[PDB]
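A.B. asks: Okay, handing you the structure first.
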2 protein chains.
Amino acid sequence: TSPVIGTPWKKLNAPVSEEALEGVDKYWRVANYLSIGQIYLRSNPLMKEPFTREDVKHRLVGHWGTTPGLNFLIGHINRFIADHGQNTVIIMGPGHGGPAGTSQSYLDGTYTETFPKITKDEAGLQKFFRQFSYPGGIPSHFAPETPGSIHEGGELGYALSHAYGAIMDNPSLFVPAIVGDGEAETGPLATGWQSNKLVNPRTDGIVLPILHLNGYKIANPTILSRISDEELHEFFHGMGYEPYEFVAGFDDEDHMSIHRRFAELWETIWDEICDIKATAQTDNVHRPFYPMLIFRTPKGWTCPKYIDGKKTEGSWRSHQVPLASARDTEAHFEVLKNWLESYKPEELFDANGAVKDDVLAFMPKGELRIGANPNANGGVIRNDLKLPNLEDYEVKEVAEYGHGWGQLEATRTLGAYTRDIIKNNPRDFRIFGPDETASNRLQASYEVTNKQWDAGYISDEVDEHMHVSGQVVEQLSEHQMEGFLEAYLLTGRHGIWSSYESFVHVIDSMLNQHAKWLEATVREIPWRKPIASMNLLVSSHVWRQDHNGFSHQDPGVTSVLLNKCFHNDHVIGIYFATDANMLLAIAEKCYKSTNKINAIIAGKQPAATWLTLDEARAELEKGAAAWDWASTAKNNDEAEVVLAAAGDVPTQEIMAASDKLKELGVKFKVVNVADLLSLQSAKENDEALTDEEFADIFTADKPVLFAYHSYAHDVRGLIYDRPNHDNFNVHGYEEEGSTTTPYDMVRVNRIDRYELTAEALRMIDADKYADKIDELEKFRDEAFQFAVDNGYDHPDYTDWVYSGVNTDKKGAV
Amino acid sequence: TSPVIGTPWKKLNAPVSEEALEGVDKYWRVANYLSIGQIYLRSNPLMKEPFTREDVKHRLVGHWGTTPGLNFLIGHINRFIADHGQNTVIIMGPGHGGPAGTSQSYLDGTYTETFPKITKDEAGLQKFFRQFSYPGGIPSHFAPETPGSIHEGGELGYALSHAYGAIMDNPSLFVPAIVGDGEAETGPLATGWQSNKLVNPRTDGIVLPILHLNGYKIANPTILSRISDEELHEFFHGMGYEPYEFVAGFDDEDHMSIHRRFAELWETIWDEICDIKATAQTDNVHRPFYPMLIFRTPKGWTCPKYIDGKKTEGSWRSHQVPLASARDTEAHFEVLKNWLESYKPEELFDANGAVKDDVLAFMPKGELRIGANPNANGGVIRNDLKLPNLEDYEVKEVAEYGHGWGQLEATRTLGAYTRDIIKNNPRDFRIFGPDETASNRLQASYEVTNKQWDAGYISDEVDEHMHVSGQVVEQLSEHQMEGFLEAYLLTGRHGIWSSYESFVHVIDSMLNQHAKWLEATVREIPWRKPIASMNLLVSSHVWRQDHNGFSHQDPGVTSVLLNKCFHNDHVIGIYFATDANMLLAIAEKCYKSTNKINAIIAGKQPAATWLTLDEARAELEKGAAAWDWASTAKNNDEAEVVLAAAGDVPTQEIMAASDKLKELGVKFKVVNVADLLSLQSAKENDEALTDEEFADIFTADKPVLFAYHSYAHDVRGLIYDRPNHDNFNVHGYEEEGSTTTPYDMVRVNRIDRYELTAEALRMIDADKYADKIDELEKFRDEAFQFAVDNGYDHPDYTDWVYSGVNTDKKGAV
Ligand SMILES: Cc1ncc(C[n+]2csc(CCOP(=O)(O)OP(=O)(O)O)c2C)c(N)n1
Ligand SMILES: Cc1ncc(C[n+]2csc(CCOP(=O)(O)OP(=O)(O)O)c2C)c(N)n1
Ligand SMILES: [Ca+2]
Ligand SMILES: [Ca+2]
C-alpha cells in the first residue's frame, strides 16, 4: 500500500516568513530565466560578454505562455512542501509547459542526481538549455524523462482523472492539479471535476484543483475566463467545491506583495483542507466542499508586454514563443536580451554558474522534493500482488466431462479470481467500470468490498453494495475509469477495468498516450521503475451484443493496439480468452506483468469450455497451439485444411464446423490462437512464433481457414511475411449485424459454422463438394428464416454439443 | 439555407386547454402500451381471448427504464408543437429508449407513411410489436431507420453537441435535447453544456436542454440526482442556464394533475424562450441565461412498483426489463398482463385496432410532426454547394518551373478555396476547429467571416476576427467540433473541421458511430436522403510535429477508418494530399460528395508541389498513378524497382531517393497513391483498381519500395490479395520520434531518402551495391550528428531541389 510520507495535513499556525517568500520570488525569477534559456539558448547560458544572436537557437521550439504561471505556482508549492512536511505530487495539466517542470527538477537537485552530465554549474546549464526540445536532447513536454512527472499533458484533458486516481487509497497524499483554462474546455476534463463524489477524505488523499485561468488557449480566449466571475464560482460550487480566487499581474503591484497575498490565500486554503482531513477522522460519511483555486493571471506573465506593436503578455500571442525569432534581427535579439536581464540573473547564480544558496534555502529536501517523491516514480512502491492459487478457480468440468463441456459465462471466473485478489491485497487493487462491472459479470467482488460512493444515499432498497469507501469505482465515463486506473498504477498500485468492447474506442487516444509513456520508459528511462500493467477486460463483445445492436458492434480496439507493437518494446498484450480456463491463464500473466497495456477480450455469454487450465497455460506460453485432441489429421502432411480461430465465438463456430467436416471424413488440423502477437513477424517481435514454429502450427503449405474475432485486416497485416500466409482465408467481423439472434450475428458476417464448413470444402475441392456446399448455403437461409419465424435460433444451432463431450454421463446433457 | 418552418417563437397567451391535456395523458398511456408491446409481445397485440404466455417473446430485449419518461416528455412536446406551430426536432439522449421514438412515429402517422406494411390496425400493430429488436425487424435504439431521429444515442455523450450544431444558422429551429442523467456523467456531455457561449440567439435557433433526472443508470444511482438540489441549480446557472425543475411521480398525485403542472411549467419556460428570441432581434450581443429543465421522475415510471419483493419503479432494476421473464411462470405472465391492462388499451384502440381519434386530436400535422420535419431528414434540405472555379486556386508554378517547385504550405491553398466557398454559400457552410483553425492555416476565411463567440469581449488588442455570429467556431474539444459539424450536416448544411493528426483519435468513437449511421442509411434507408459529407482536414501530422514530440505523433486514424470499408458502402474517403494541387483535387471531390466521412491528410509544413491541378485530378480519379515524368524505366519490364509513396513527406523522401537512384544509373518507375482505398481488394471494393490496373501501376513481378504516411500494417493488410503483393517492401511510421528535426523524424522511422535509396539498392542487388549502401548508412549517421551539433538539418537534406525543376530560371529557387 502507499507509503505514509512526512507529516501530512498539518497547519502552519504562523504567518509565512518574509524570508521564505523572498526565497519563492528568487525561485520564480531563476525558474523563468531557466525556462527562457531552454527555449531560446544554444550556448552562453549566463550571457557572458559578448552575448549575441550567435548564442540563440536556430529553430525556436517550446511554449512560454503557460510557463511563468506554472513557475509561480511551483515555487509557492515548494515553499509549502518544505514548511509543512507535506507528501505532494503535482499534475501539470498544461504539459507543454515542460520547461517549468525540468527547471523544477534542476532546482530541486533531482535533475543532476538522475542526469549526472547535467551539472549544477555553467557547463551544466549550457547543456541544460541546449538539450531542451532539441535533436538528441529531451522532450518539449513534462515527459516521463523528467523526475516528478506522472502526467505528461501532451494530449489535454486528463489532469483531473489522474489527480484523483493518485490520491485513491493514498490518504497522506496531496495533489495540486493544475488545469489549463483551454484544457477545461475538453470533455474529459469537464467530467473530471465530478470525481469529488467518488473519493473519501479519510481513506483517500486530497486533490486541490487549480484552474490556470490565464485567459487564452492557442489563438482564442477561453470560455471560463470570459463568462461572469459569479457564474464561474457557482459552477465550481455546483460541482462540490469551495472556490477561492486569486488575481494578480494585471497592474503594477510589486511581485513581493503578490507573493505575500498568495501565500496567505494558500495557507487559508490549506487550513480548510486540514479541517476537512481532521473532520474525516471522525465523520467521513458526509461529503465536504473541497477547496479549489481559480488562479487568474496574464498568459505569458513577465514577458514583454508589447512586441512590434502587438500585445504579448496577457494574450494568446504569448502561447508558443512571444518573440517569434531572436536570430533574425538585432532589434528582436535586444528584446530577448532585455527580457532575460529583467530577472537579474547576476543575483541568482554564482561566478561558477551554480544557482545560489539563498535562491533555494526555502526548498524541500529528500523524498519530499517534487522530483524525488516516490509517488512520482511509483514503480519503486509497487510490489507483486499476493495471488490466490490459480487452480482454485479452474473449470474442472473439462477434465471430467470433456472438451467443449457446458454453458459457463467465462468472465464470472475472472470475477471470483479478482475478488480473491482484492481480499489478499486490500488497499492495493481496484476495479473500475463505467457502470458495467455487474453487466460484465465481475460482481463477485461485492462479496469482499463495495462500490465507493460519496454522494447521497437514500434507501436499502436501491443502494446495495455501496459504501463511502470501497475498492470498486463506477461513473459512466470511460475517460474517468481509464484515467483513474492509470494514476492508480503510476503511483504504484494495481487493478483492472472492464468495458463493452465497442465503447473502448471512447478512450483510444488515452490508450495511445499511456502506450507512448510506456514505450519511452522501456526504451530509455531505466530509473523509472516498472509500474503495474493497465489491464482491461474487453467484454460484451461484437458477436453477442444482445440488447443493443449495430452501434455497439465494433471490435476494432485490436486494430488500435497493433499500432503500438514495435521495436520489441513489449508494452502491449492483446489476448482472446478462448474460455474461462484460458481467461484465468491470461489474467494471472497480466496481473504479474508490468509496464503494459493488456486488452483481455472475453465473452460474458453462456459458452463452451475447451481447455483445462494446464492446457490453456501451455498454449498461452507460445500464444497459439494445435489442438491434437480436436484434429482428424495425424500430421501436417495429411491435413487437407487447417481450421484456425482467435476469440470465444470464432472458436465455437470453428469447433462446430470441425464436427461437420469430421462427419464428411475430412482430414484437418484445429488450431487456437490466444495471444494475437504470437502471429507477428518474427523479425519485428522477438517473442513471437519463429517462422519454424509458425509453419509447424499452420503447415508449410495447407489451406488455412482462420476465424478471427475482430477485423480480418488485423491478421492479414500481421502475417504478411509468414510462411504459407498466401494460403490463409481470414474471416472476421465485417460491419454487419443488428439486434438479432447469436446465429444471425455470425451468419451476416460469414463466420457461422455452416459458412465455415462450406469455406473449408471450397478450399479443399469445390467441384467435388459442390452439392454439400450448396446444401450448407441453403441451410444458412433456412436457419435465418427459422430465427425470423420463431424469435430464437434453430435447434441444430442451439442444441449442438461438441462430439468430445461425454453426453452419455451425469450433468453433461 | 435552413427553411423557416411554421410560426416560430410564439407565446400561447392562454392556459393550455383541459382537452389538449387529456389528449396528452392518452398519448402517454398508448405510447407506454406500444412500448411494452414492442418489448414483450410477438402476437396478440390487443390481448384478445385467449391472451397467454404463447403471445410473449421468447427473448426479451429492449429498455423500459428511460421509456415512460421519454413518452411523457414527447406527448407534451407534441401538444406544444401543435399549439404553437413550432419548428421542432428532439434529441433523444437515452437512445436505448428506442420504443418511445418508434411509438412516436407510429402515432404521428410517419411510420405507416414510410413503412406501408406497418398499418394502423390490429394486424399492423402485431407486426409493429414483433419487429422491435427482433431478427429481420428494426433496431433497439432510435436508429436512422426511425422517422424523427437524427441521433441514435447508442454511444452516449453526444446529445448536446448535436442539439447545438442543429440550431446553428437555423434561427427558427427549436431543439428539446433530452439528456440522460447517466449520460451527463460522460466527458463529451459534460463539456457540451458549455455550447451556449458559442451560439447566437438571433442568427441561430434555441436549444432547451432537458435533464432526464430519473435517478439511475444501469446498476447505480447517478451523481447529479444524489448531490444536493442547491448544487444542481448552481452548476446549471454557472454554465449560463436558468434552471427550472419539475418533480413528479414519487407520491400518489394523479396523472392529469401532473400534466397540468407540467404544461404550465412548459409554457413559462417557453415564454422565457420567446422573450430571449424577441430581445435578440434588437440586442444580440449580450448573452442571455437560457432556460434548461431538470425533469426529476422515477426511472421506469408506471411499471409495477415491486416485483418479487424488489423495488422496480424508481430503481436501476427497471433499466432493461423490469419483469425479467413473462414466459417462465404464470405469476410473471400475470404481472405483465396487469401492467398492460393498467393503461386501459380498451379505451385507446378501436374495434379495428386503430388508435382512436380522441387519443391523437391534439397532435401536430404535416411537416411539423416530429417524424416529418425536414430537419430530421436534412438531405431533403441539402443542395449542392456553389463552388468557385478550382483553377483559380491552382499552384501555377509547377507548369512554369517544373515538378517539385517551391516551398508552399499546402493547407493555405485549401484555406483560400474554403474562404470563397463560404463567401459563395453564406449561412450554409461552417469551419470548426479545436483551437486549430489558424494553426492548420485555414485562416483566410477570416477575410469573409469571423469566429463565432458569445462570451465576453475585452479589447481589440486580443479579440481579432471574433463576432457574436460567424461561420467559424472553436472550442478546445474535438468532441464538440465533430458533434457540432455532424448535426450541421444532418440538418442539411455543409462544412469542414481540422485537427492535429494525433488528436483525431480523441473522437475515433464518434467517427465510428457516424460511419455506422451512414452504413445503415446507404444500405437500407432510401427515404433518408443524402447529407453532405463529414470532411476532416488531418494536418500538423506525424512527420512534422515540430513544437511537440512523441505524444503528438500518431497517424493511426487511417487504421480506424479502414474498419469501416466494407460491402461497397463507400461511406469512407481516406486521402493523402501529395501537395496543394492534389489537396484542391481532393477537396473539390469531398465537398461534392454526400453520405461520407472524408479524412484528408495534408501537410501544413513548407513542401514541394509535385503535380499540376489537371495531373492531380487525373491521378485522383483512379486513386493511384504512375508518374512517367519521374520514371527512368521506359516501361514495366525494364523497371528494376518501383518507388511508391502515399503522403506528402513520404513522397518528398521517395522523390529525393529517386534523384539519387537516377545518378547511380538505376532504371525505376515512380508511383503516387492519393486515395488509399484505390488499393483495396477488387473483390471487396468495386471502386478500387482492378487487378490489371494494379499490376499495370505496380508491375506484375518487380520489387516495390512503398513509403507510407502512416502505419505500414495498413497497406500490408489492404493489398493481401493483390498481384505482386509479396514484392512490396512497405515502410511507414514505426512509433519513433521526438522533438527533433524534419530529417531526424524520417530517419528514426527508416523512411528517410537515404535509407530508401539503400533499400532500393538492397532490393535490386545487395552485393553489387554493397559499397554505395554502406556509404548511404554512414551518411544517415552523419546527417544526424550534424543535427545534434548544429541544431538544424544537413544542407544535403535541407537544400535539395528535385532535378525536375528548372533551376536556371530566375524565380525557381
Ligand atoms: C486534446 C488536445 N487537443 C488539442 C491540443 C493542441 N493544444 C496544445 S496547447 C493548446 C492550448 C492549451 O491551452 P490551455 O489548456 O489554456 O494551456 P495554456 O494557456 O496554460 O498554455 C492546444 C489546443 C492538445 N494539446 N490536446
Ligand atoms: C459511452 C457509453 N458507455 C456505456 C454505455 C452502456 N450504457 C447503455 S445505457 C447506460 C446507462 C445510461 O443511463 P442514463 O443516461 O441515466 O439513461 P436512462 O436511465 O434514462 O435509461 C449505459 C452505461 C453506453 N451506451 N455508452
Ligand atoms: Ca490558458
Ligand atoms: Ca437515468
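If you're wondering about the labels, chains in the C-alpha cells are A, B, ... by order shown, residues count from 1 in each chain, ligands from 1 in order shown.
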Within 9 Å of ligand 4, counting only C-alpha atoms and all ligand atoms, which protein or nucleic acid residues do you find, written as a list in words?
C.D. replies: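 Residues lying within 9 Å of ligand 4: residues 65, 66, 94, 179, 180, 181, 182, 183, 212, 213, 214, 215, 216, 217, 218, 221, 222, 225, 299, 316 and 319 of chain B.
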A.B. asks: Can you list, as a PDB file with N, CA, C and O atoms, in the first residue's frame, every residue of range 514-643 of chain B that DSSP puts in strand (DSSP E)?
C.D. replies:
ATOM      1  N   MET B 534     -18.930  14.468 -43.979  1.00  0.00           N
ATOM      2  CA  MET B 534     -18.185  14.990 -42.827  1.00  0.00           C
ATOM      3  C   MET B 534     -16.700  15.075 -43.280  1.00  0.00           C
ATOM      4  O   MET B 534     -15.995  14.060 -43.340  1.00  0.00           O
ATOM      5  N   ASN B 535     -16.227  16.276 -43.614  1.00  0.00           N
ATOM      6  CA  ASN B 535     -14.878  16.465 -44.117  1.00  0.00           C
ATOM      7  C   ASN B 535     -13.943  16.900 -42.996  1.00  0.00           C
ATOM      8  O   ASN B 535     -14.148  17.936 -42.343  1.00  0.00           O
ATOM      9  N   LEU B 536     -12.866  16.134 -42.816  1.00  0.00           N
ATOM     10  CA  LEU B 536     -11.899  16.386 -41.759  1.00  0.00           C
ATOM     11  C   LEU B 536     -10.484  16.561 -42.341  1.00  0.00           C
ATOM     12  O   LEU B 536      -9.898  15.579 -42.828  1.00  0.00           O
ATOM     13  N   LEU B 537      -9.932  17.773 -42.269  1.00  0.00           N
ATOM     14  CA  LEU B 537      -8.557  18.039 -42.601  1.00  0.00           C
ATOM     15  C   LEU B 537      -7.699  17.537 -41.435  1.00  0.00           C
ATOM     16  O   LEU B 537      -7.749  18.100 -40.326  1.00  0.00           O
ATOM     17  N   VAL B 538      -6.864  16.528 -41.696  1.00  0.00           N
ATOM     18  CA  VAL B 538      -5.983  15.917 -40.744  1.00  0.00           C
ATOM     19  C   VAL B 538      -4.621  16.551 -41.085  1.00  0.00           C
ATOM     20  O   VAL B 538      -4.025  16.282 -42.167  1.00  0.00           O
ATOM     21  N   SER B 539      -4.118  17.429 -40.227  1.00  0.00           N
ATOM     22  CA  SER B 539      -2.888  18.069 -40.582  1.00  0.00           C
ATOM     23  C   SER B 539      -1.979  18.157 -39.358  1.00  0.00           C
ATOM     24  O   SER B 539      -2.184  17.396 -38.405  1.00  0.00           O
ATOM     25  N   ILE B 572     -16.629   6.018 -46.620  1.00  0.00           N
ATOM     26  CA  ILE B 572     -15.327   6.469 -46.132  1.00  0.00           C
ATOM     27  C   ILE B 572     -14.396   6.919 -47.236  1.00  0.00           C
ATOM     28  O   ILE B 572     -14.193   6.199 -48.168  1.00  0.00           O
ATOM     29  N   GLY B 573     -13.806   8.107 -47.095  1.00  0.00           N
ATOM     30  CA  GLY B 573     -12.779   8.589 -48.028  1.00  0.00           C
ATOM     31  C   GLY B 573     -11.498   8.720 -47.169  1.00  0.00           C
ATOM     32  O   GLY B 573     -11.535   9.288 -46.040  1.00  0.00           O
ATOM     33  N   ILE B 574     -10.385   8.138 -47.642  1.00  0.00           N
ATOM     34  CA  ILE B 574      -9.092   8.267 -46.982  1.00  0.00           C
ATOM     35  C   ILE B 574      -8.116   8.765 -48.017  1.00  0.00           C
ATOM     36  O   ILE B 574      -7.719   7.998 -48.891  1.00  0.00           O
ATOM     37  N   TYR B 575      -7.718  10.031 -47.923  1.00  0.00           N
ATOM     38  CA  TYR B 575      -6.952  10.721 -48.979  1.00  0.00           C
ATOM     39  C   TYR B 575      -5.623  11.283 -48.488  1.00  0.00           C
ATOM     40  O   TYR B 575      -5.582  11.849 -47.396  1.00  0.00           O
ATOM     41  N   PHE B 576      -4.568  11.195 -49.299  1.00  0.00           N
ATOM     42  CA  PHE B 576      -3.260  11.822 -48.971  1.00  0.00           C
ATOM     43  C   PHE B 576      -3.000  12.954 -49.933  1.00  0.00           C
ATOM     44  O   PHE B 576      -2.862  12.744 -51.106  1.00  0.00           O
ATOM     45  N   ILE B 597     -17.727  10.034 -44.609  1.00  0.00           N
ATOM     46  CA  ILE B 597     -16.697  10.652 -43.810  1.00  0.00           C
ATOM     47  C   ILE B 597     -15.414  10.723 -44.666  1.00  0.00           C
ATOM     48  O   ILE B 597     -14.904   9.690 -45.068  1.00  0.00           O
ATOM     49  N   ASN B 598     -14.931  11.912 -44.985  1.00  0.00           N
ATOM     50  CA  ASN B 598     -13.689  12.051 -45.701  1.00  0.00           C
ATOM     51  C   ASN B 598     -12.529  12.520 -44.799  1.00  0.00           C
ATOM     52  O   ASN B 598     -12.578  13.651 -44.289  1.00  0.00           O
ATOM     53  N   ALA B 599     -11.497  11.661 -44.611  1.00  0.00           N
ATOM     54  CA  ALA B 599     -10.235  12.098 -43.999  1.00  0.00           C
ATOM     55  C   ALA B 599      -9.266  12.625 -45.075  1.00  0.00           C
ATOM     56  O   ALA B 599      -8.884  11.905 -45.978  1.00  0.00           O
ATOM     57  N   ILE B 600      -8.848  13.855 -44.943  1.00  0.00           N
ATOM     58  CA  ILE B 600      -7.993  14.491 -45.902  1.00  0.00           C
ATOM     59  C   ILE B 600      -6.639  14.754 -45.215  1.00  0.00           C
ATOM     60  O   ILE B 600      -6.498  15.713 -44.484  1.00  0.00           O
ATOM     61  N   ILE B 601      -5.654  13.890 -45.430  1.00  0.00           N
ATOM     62  CA  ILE B 601      -4.391  14.010 -44.744  1.00  0.00           C
ATOM     63  C   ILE B 601      -3.492  14.929 -45.515  1.00  0.00           C
ATOM     64  O   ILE B 601      -3.114  14.643 -46.665  1.00  0.00           O
ATOM     65  N   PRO B 606       6.242  23.742 -44.939  1.00  0.00           N
ATOM     66  CA  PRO B 606       6.755  24.064 -46.296  1.00  0.00           C
ATOM     67  C   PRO B 606       7.124  22.744 -47.080  1.00  0.00           C
ATOM     68  O   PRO B 606       7.673  21.767 -46.484  1.00  0.00           O
ATOM     69  N   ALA B 607       6.731  22.646 -48.362  1.00  0.00           N
ATOM     70  CA  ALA B 607       6.888  21.388 -49.118  1.00  0.00           C
ATOM     71  C   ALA B 607       6.828  21.702 -50.593  1.00  0.00           C
ATOM     72  O   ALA B 607       6.250  22.720 -50.985  1.00  0.00           O
ATOM     73  N   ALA B 608       7.470  20.870 -51.406  1.00  0.00           N
ATOM     74  CA  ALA B 608       7.385  20.928 -52.856  1.00  0.00           C
ATOM     75  C   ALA B 608       5.957  20.684 -53.365  1.00  0.00           C
ATOM     76  O   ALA B 608       5.171  19.968 -52.680  1.00  0.00           O
ATOM     77  N   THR B 609       5.628  21.267 -54.536  1.00  0.00           N
ATOM     78  CA  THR B 609       4.433  20.910 -55.277  1.00  0.00           C
ATOM     79  C   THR B 609       4.829  20.000 -56.466  1.00  0.00           C
ATOM     80  O   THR B 609       5.728  20.325 -57.289  1.00  0.00           O
ATOM     81  N   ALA B 624      -4.510   6.220 -57.686  1.00  0.00           N
ATOM     82  CA  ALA B 624      -3.060   5.989 -57.734  1.00  0.00           C
ATOM     83  C   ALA B 624      -2.659   6.149 -59.180  1.00  0.00           C
ATOM     84  O   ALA B 624      -3.457   5.845 -60.065  1.00  0.00           O
ATOM     85  N   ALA B 625      -1.437   6.612 -59.442  1.00  0.00           N
ATOM     86  CA  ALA B 625      -0.971   6.728 -60.838  1.00  0.00           C
ATOM     87  C   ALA B 625       0.546   6.542 -60.895  1.00  0.00           C
ATOM     88  O   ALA B 625       1.241   6.840 -59.930  1.00  0.00           O
ATOM     89  N   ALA B 626       1.067   6.081 -62.021  1.00  0.00           N
ATOM     90  CA  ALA B 626       2.487   6.141 -62.279  1.00  0.00           C
ATOM     91  C   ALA B 626       2.795   7.584 -62.618  1.00  0.00           C
ATOM     92  O   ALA B 626       1.944   8.317 -63.138  1.00  0.00           O
ATOM     93  N   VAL B 641      13.059  -1.506 -59.955  1.00  0.00           N
ATOM     94  CA  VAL B 641      12.364  -1.322 -58.672  1.00  0.00           C
ATOM     95  C   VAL B 641      11.261  -0.270 -58.933  1.00  0.00           C
ATOM     96  O   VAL B 641      11.373   0.589 -59.856  1.00  0.00           O
ATOM     97  N   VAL B 642      10.163  -0.389 -58.178  1.00  0.00           N
ATOM     98  CA  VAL B 642       9.087   0.621 -58.179  1.00  0.00           C
ATOM     99  C   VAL B 642       9.232   1.413 -56.864  1.00  0.00           C
ATOM    100  O   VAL B 642       9.266   0.821 -55.800  1.00  0.00           O
ATOM    101  N   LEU B 643       9.365   2.735 -56.971  1.00  0.00           N
ATOM    102  CA  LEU B 643       9.371   3.653 -55.837  1.00  0.00           C
ATOM    103  C   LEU B 643       7.937   4.193 -55.691  1.00  0.00           C
ATOM    104  O   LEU B 643       7.483   4.978 -56.524  1.00  0.00           O
TER     105      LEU B 643
END
A.B. asks: Using only C-alpha atoms and all ligand atoms, tabulate the residues of chain A lying at most 12 Å from any atom of ligand 2, each with its closest atom pair and that distance in Å to one decimal, by chain and increasing residue number, as a tab-separated table.
C.D. replies:
residue	atom	partner	partner_atom_place_in_ligand_line	distance
A:433	CA	ligand 2	23 (C)	9.4
A:434	CA	ligand 2	23 (C)	6.3
A:435	CA	ligand 2	23 (C)	5.2
A:436	CA	ligand 2	23 (C)	6.5
A:437	CA	ligand 2	23 (C)	10.2
A:438	CA	ligand 2	23 (C)	11.1
A:439	CA	ligand 2	23 (C)	9.4
A:440	CA	ligand 2	6 (C)	11.0
A:474	CA	ligand 2	23 (C)	9.8
A:475	CA	ligand 2	23 (C)	8.6
A:476	CA	ligand 2	23 (C)	5.7
A:477	CA	ligand 2	3 (N)	6.5
A:478	CA	ligand 2	3 (N)	6.7
A:479	CA	ligand 2	1 (C)	9.4
A:480	CA	ligand 2	3 (N)	11.4
A:481	CA	ligand 2	3 (N)	10.9
A:498	CA	ligand 2	4 (C)	10.8
A:499	CA	ligand 2	4 (C)	7.6
A:500	CA	ligand 2	4 (C)	7.1
A:501	CA	ligand 2	4 (C)	9.8
A:502	CA	ligand 2	2 (C)	8.8
A:503	CA	ligand 2	1 (C)	5.8
A:504	CA	ligand 2	3 (N)	8.6
A:505	CA	ligand 2	1 (C)	9.2
A:506	CA	ligand 2	1 (C)	6.7
A:507	CA	ligand 2	1 (C)	9.7
A:539	CA	ligand 2	6 (C)	11.9
A:540	CA	ligand 2	6 (C)	10.2
A:545	CA	ligand 2	6 (C)	11.1
A:547	CA	ligand 2	8 (C)	9.7
A:548	CA	ligand 2	8 (C)	8.5
A:549	CA	ligand 2	25 (N)	11.0
A:550	CA	ligand 2	25 (N)	11.8
A:551	CA	ligand 2	25 (N)	8.9
A:552	CA	ligand 2	25 (N)	7.8
A:553	CA	ligand 2	25 (N)	11.6
A.B. asks: Tell me, in Å to one decimal, how far CA of residue 792 in chain B is from CA of residue 58 in chain A.
C.D. replies: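 Computing it gives 6.8 Å between the two atoms.
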A.B. asks: Can you list, as a PyMOL selection string, every protein, DNA or RNA residue that comes within 12 Å of range 771-776 of chain A when you count only C-alpha atoms, leaving out same-chain residues fewer than 4 positions away?
C.D. replies: chain A and resi 657+660-661+663-664+747+752-767+780-783
A.B. asks: With only C-alpha atoms as the atoms that count, which of A:277, A:296, A:369, A:713 lies nearest to chain B?
C.D. replies: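 When distances to chain B are compared using only C-alpha atoms, the smallest one comes from A:713.
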A.B. asks: Using CA of residue 365 in chain A and CA of residue 377 in chain A as the two end points, give the distance in Å to one decimal.
C.D. replies: 16.7 Å
A.B. asks: Might you pull out every residue within 12 Å of residue 444 in chain A, with only C-alpha atoms counted and same-chain residues fewer than 3 positions away left off, and present them as number ranges by chain?
C.D. replies: A: 411-423, 431, 437-441, 447-450, 465, 472
A.B. asks: Where does DSSP see alpha helix (DSSP H) in range 486-530 of chain B, if you list the residues as a PyMOL selection string?
C.D. replies: chain B and resi 486-490+508-524
A.B. asks: How about saving the chosen residues, C-alpha atoms kept, as a PDB file, in the first residue's frame?
C.D. replies:
ATOM      1  CA  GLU B 486     -22.303  16.117 -37.638  1.00  0.00           C
ATOM      2  CA  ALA B 487     -25.579  17.732 -36.758  1.00  0.00           C
ATOM      3  CA  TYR B 488     -24.876  20.692 -39.040  1.00  0.00           C
ATOM      4  CA  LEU B 489     -24.718  18.035 -41.867  1.00  0.00           C
ATOM      5  CA  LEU B 490     -27.688  16.020 -40.584  1.00  0.00           C
ATOM      6  CA  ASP B 508     -12.435   7.808 -33.107  1.00  0.00           C
ATOM      7  CA  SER B 509     -15.638   6.537 -31.480  1.00  0.00           C
ATOM      8  CA  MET B 510     -17.642   9.478 -32.934  1.00  0.00           C
ATOM      9  CA  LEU B 511     -16.249   8.619 -36.361  1.00  0.00           C
ATOM     10  CA  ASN B 512     -17.385   5.024 -35.761  1.00  0.00           C
ATOM     11  CA  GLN B 513     -20.978   5.942 -34.761  1.00  0.00           C
ATOM     12  CA  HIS B 514     -21.352   8.368 -37.668  1.00  0.00           C
ATOM     13  CA  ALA B 515     -19.900   5.818 -40.162  1.00  0.00           C
ATOM     14  CA  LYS B 516     -22.453   3.243 -38.800  1.00  0.00           C
ATOM     15  CA  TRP B 517     -25.151   5.796 -39.241  1.00  0.00           C
ATOM     16  CA  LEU B 518     -24.081   6.268 -42.925  1.00  0.00           C
ATOM     17  CA  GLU B 519     -23.612   2.407 -43.431  1.00  0.00           C
ATOM     18  CA  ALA B 520     -27.217   1.644 -42.273  1.00  0.00           C
ATOM     19  CA  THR B 521     -28.520   4.513 -44.436  1.00  0.00           C
ATOM     20  CA  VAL B 522     -26.848   3.672 -47.747  1.00  0.00           C
ATOM     21  CA  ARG B 523     -27.751   0.024 -47.180  1.00  0.00           C
ATOM     22  CA  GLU B 524     -31.387   0.154 -46.314  1.00  0.00           C
TER      23      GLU B 524
END
A.B. asks: Quick one: everything within 12 Å of residue 261 in chain A, counting only C-alpha atoms, minus sequence neighbours fewer than 2 positions away in the same chain. Send it as a PDB file with C-alpha atoms, in the first residue's frame.
C.D. replies:
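Output saved as around-v4.pdb:
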ATOM      1  CA  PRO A  15       2.352  33.745   9.084  1.00  0.00           C
ATOM      2  CA  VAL A  16       4.597  32.611   6.189  1.00  0.00           C
ATOM      3  CA  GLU A  18       9.280  37.120   4.777  1.00  0.00           C
ATOM      4  CA  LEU A  21       8.785  34.427   0.293  1.00  0.00           C
ATOM      5  CA  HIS A  76       4.870  28.508  -3.877  1.00  0.00           C
ATOM      6  CA  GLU A 245      -9.930  33.112  -6.489  1.00  0.00           C
ATOM      7  CA  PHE A 246      -6.578  34.908  -6.814  1.00  0.00           C
ATOM      8  CA  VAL A 247      -5.980  37.680  -9.341  1.00  0.00           C
ATOM      9  CA  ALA A 248      -2.509  39.218  -9.967  1.00  0.00           C
ATOM     10  CA  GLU A 253       1.604  45.581  -7.964  1.00  0.00           C
ATOM     11  CA  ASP A 254       5.198  44.685  -6.994  1.00  0.00           C
ATOM     12  CA  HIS A 255       5.991  40.938  -7.039  1.00  0.00           C
ATOM     13  CA  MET A 256       6.746  40.608  -3.255  1.00  0.00           C
ATOM     14  CA  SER A 257       3.330  41.948  -2.468  1.00  0.00           C
ATOM     15  CA  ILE A 258       1.802  39.351  -4.795  1.00  0.00           C
ATOM     16  CA  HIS A 259       3.727  36.536  -3.115  1.00  0.00           C
ATOM     17  CA  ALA A 263       0.973  32.684   0.429  1.00  0.00           C
ATOM     18  CA  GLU A 264      -1.777  33.912   2.727  1.00  0.00           C
ATOM     19  CA  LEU A 265      -4.577  32.694   0.448  1.00  0.00           C
ATOM     20  CA  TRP A 266      -2.701  29.389   0.043  1.00  0.00           C
ATOM     21  CA  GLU A 267      -2.459  28.938   3.834  1.00  0.00           C
ATOM     22  CA  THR A 268      -6.193  29.738   4.252  1.00  0.00           C
TER      23      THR A 268
END
